[PDB]
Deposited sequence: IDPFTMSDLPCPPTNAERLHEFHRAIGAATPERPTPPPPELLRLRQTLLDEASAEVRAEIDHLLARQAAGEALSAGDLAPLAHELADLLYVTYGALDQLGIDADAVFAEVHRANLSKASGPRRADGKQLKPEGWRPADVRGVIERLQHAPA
């Protein structure tokens, strides 16, 4: 911005960018570029991923058990599961951010391949190319 800027409205931060803000706030490693992790970092990410996936499973189970007894679930009844699913997003993004890997760039490539694959007969369309996550990591290593 400069003296010519009369309005400066940014696009909302992405969920991946939010993880960077969180790790900066708590003093956790959050490298700009792909960075081989110490084993202690890998162990933590594993622990948080296990913790979060167990909580998601417990809420899905609770919903199935209630549903079975003639409780027909309501929308508000989805709130704990939604919270746990968001926590699982949070620690999945969190692992990518601590690896210095732009999760949006990797996701975009996975989405490109998946969305392209949906144009096939699920079978692949002609000329389909799978997600090249290795290429994304390489290009992230050379970014501005």
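In sequence order, the deposited residues that have no C-alpha coordinates form the ranges 122 to 127, 151.
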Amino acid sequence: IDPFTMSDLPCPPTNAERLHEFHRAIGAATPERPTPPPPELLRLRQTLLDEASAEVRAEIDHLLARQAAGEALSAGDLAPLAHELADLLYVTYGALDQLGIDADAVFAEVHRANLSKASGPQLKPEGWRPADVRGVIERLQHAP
From here on, numbers count along this sequence of modelled residues.
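Comparing the deposited coordinates for 27 to 35 and 84 to 92, the stretch with the larger average C-alpha B-factor is 27 to 35. The deposited model assigns a higher average Cα B-factor to 65 to 73 than to the other stretch when 65 to 73 and 100 to 108 are compared. Per the deposited record, the Cα B-factor of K117 falls in the middle third when ranked against the other modelled residues of its chain. The PDB entry assigns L41 a C-alpha temperature factor belonging to the lowest third of its chain's modelled residues. When the modelled residues of the chain are ordered by their C-alpha B factor, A16 lands in the lowest third.
The entry lists a Cα temperature factor for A58 that places it in the highest third of the chain's modelled residues.
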